Each structure stands twice: as C-alpha cells, then as structure tokens.
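Residues 96 to 225, 227 to 288, numbered by UniProt numbering, are exactly what the sequence shown covers, in order.
Note that beta-carbon positions come from the ideal geometry of N, C-alpha and C, so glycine has one too.
Note sheet for the following structure.
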Amino acid sequence: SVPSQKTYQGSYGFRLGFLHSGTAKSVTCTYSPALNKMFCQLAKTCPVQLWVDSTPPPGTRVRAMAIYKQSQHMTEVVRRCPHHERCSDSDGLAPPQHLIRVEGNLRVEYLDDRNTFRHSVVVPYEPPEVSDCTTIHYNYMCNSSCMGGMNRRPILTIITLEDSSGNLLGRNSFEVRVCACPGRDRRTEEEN
Ligand SMILES: [Zn+2]
C-alpha cells in the first residue's frame, strides 16, 4: 500500500514553489528545478511554498509525508535512525521517530497511520499573507547519510492538500537530500 505520489493540481490549481536561493556554500537549503530536488541541512528551516489559483475553504489541511524514491524500498516506512530517534532534540510536539517536522506552528498535528504505520505531519491551510503563496517551514530531522535510518537512500516528500474530512484536494512532491552543504551538493549533482 505505497502512498500515491501522483501530481494533482485539482480544482484550486495547487502547486509547490521554492526560494531561488542559489548554490553558494552559505545556503541553508536550496531547490534544484532541473532535479525537482530540495537540498537542505538537518533541523534547519526548509521553506516550502503552496501556490493556488483559488483559495481552498478554511478547514483545509496540508499534509507532508516522506517515502523512499526507489521501488525496492518503497514499502518501507521512512523514519529516523535509532541515533536521532533517541536524540535529545524534541520540540515537545513531534514524535521522536518522525523525520519531518513543522517549525513555528503551534497547531501542527502528527500522525502514525494506524494501518500503514507511515508518519506524516499536518497543518491548517492558511491563505497567503496580505504575498502570492503560503509558506510552511519544514525541518528534516535525520541526514540522508544517517547510518540506520535512510541509509543514503533517496526519499520523496509528498505534500497533500486535503479538506477537513481528509478528502484529497491536491498533491505535489519533490525529492529531498538532507546534507551538510546543500549549495555544494546541488551544484555537484547538476554537474552532470
Ligand atoms: Zn539520523
């Protein structure tokens, strides 16, 4: 029962956007258009923008979930390695084992699916400020190079728009690499 990563703009014209931050060594995180891939540092702000043509009704919710990009690992639940799971980095909201967190939103909700056992993080959809997009600050809490976790396996992040009853309103996804030097890693992967 692998989660769907099928792009779906829906009735509200939903798509994702990212800062055009470039690849200087100083960048905290940077998105590659060519690769549809976000490069970011562990536990650092990772802005992700929601763009809609029409405002979804309040009660709309925004869910993030990670899956493995390769089919051979797709049925395996992306979670934190034992080290980071036992790590003393709680924010008091997120479960220890969850890879993805939302920073700066006290209304954040976390889910361990009772059936799939997959982890996800969800927030109320808010329209853009009086701004053309809604920004959510995500934090990835394990490295792509973590021993015992992602284990250098590539992951996808799936962002889903859903109504208050859980019904699908839209979906987009991007690949994610959590690394020490996003700028350098992005530039290196785009070399070829
Ligand atoms: Zn880890």
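Best match in the options for proximity to residue i [C-alpha to C-alpha]
i           : options                           : result
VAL197      : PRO278, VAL157 and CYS182         : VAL157
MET246      : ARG174, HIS179, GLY279 and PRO153 : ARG174
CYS277      : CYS124, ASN263 and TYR205         : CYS124
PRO191      : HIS179, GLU171 and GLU224         : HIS179
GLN136      : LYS101, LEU194 and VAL225         : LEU194
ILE255      : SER240, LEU114, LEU201 and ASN268 : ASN268
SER96       : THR211, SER166, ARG202 and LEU201 : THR211
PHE109      : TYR220, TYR163 and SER99          : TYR220
residue 226 : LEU206, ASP207 and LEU188         : This model leaves out residue 226; its place in the chain lies between 225 and 227, and no residues are given there.
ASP207      : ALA159, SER260 and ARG181         : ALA159
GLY154      : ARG213, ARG249, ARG202 and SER227 : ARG202
With 16 other Cβ atoms within 10 Å as the buried cut-off, status of residue i
i           : result
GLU258      : buried
residue 226 : One cannot assign coordinates to residue 226, given that the chain in this structure leaps from 225 to 227.
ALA129      : exposed
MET243      : exposed
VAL274      : buried
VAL225      : exposed
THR253      : buried
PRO142      : buried
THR102      : exposed
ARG209      : exposed
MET169      : exposed
Span of the alpha helix (DSSP H) around residue i
i      : result
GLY279 : 278 to 285
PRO177 : 177 to 180
Delimiting residues of the beta strand (DSSP E) encompassing residue i
i      : result
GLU258 : 251 to 258
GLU204 : 204 to 207
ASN235 : 230 to 236
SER215 : 214 to 219
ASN268 : 264 to 274
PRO142 : 141 to 146
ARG158 : 156 to 163
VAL122 : Taken as a continuous stretch (DSSP letters only), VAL122 belongs to no beta strand (DSSP E), as it is neither H nor E.
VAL197 : 195 to 197
Ligand 1 heavy atom lying under 7 angstroms from the CB of residue i
i      : result
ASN239 : yes
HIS168 : no
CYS141 : no
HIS193 : no
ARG175 : yes
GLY245 : yes
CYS275 : no
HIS214 : no
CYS242 : yes
Cβ-based neighbour list, residue i, same chain, cut-off 6 angstroms, excluding 5 preceding and 5 following
i      : result
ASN235 : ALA138, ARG196 and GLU198
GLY112 : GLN144, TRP146 and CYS229
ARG283 : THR118
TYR126 : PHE113 and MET133
Residues near residue i by beta carbon distance below 8 angstroms, same chain, minus five either side
i           : result
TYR107      : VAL147, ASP148, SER149, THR150, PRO151, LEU257, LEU265 and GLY266
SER121      : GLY279
residue 226 : This model leaves out residue 226; its place in the chain lies between 225 and 227, and no residues are given there.
Cβ-based neighbour list, residue i, same chain, cut-off 7 angstroms, excluding 5 preceding and 5 following
i           : result
residue 226 : Not modelled: residue 226, which lies between 225 and 227, the two residues flanking a gap in the chain.
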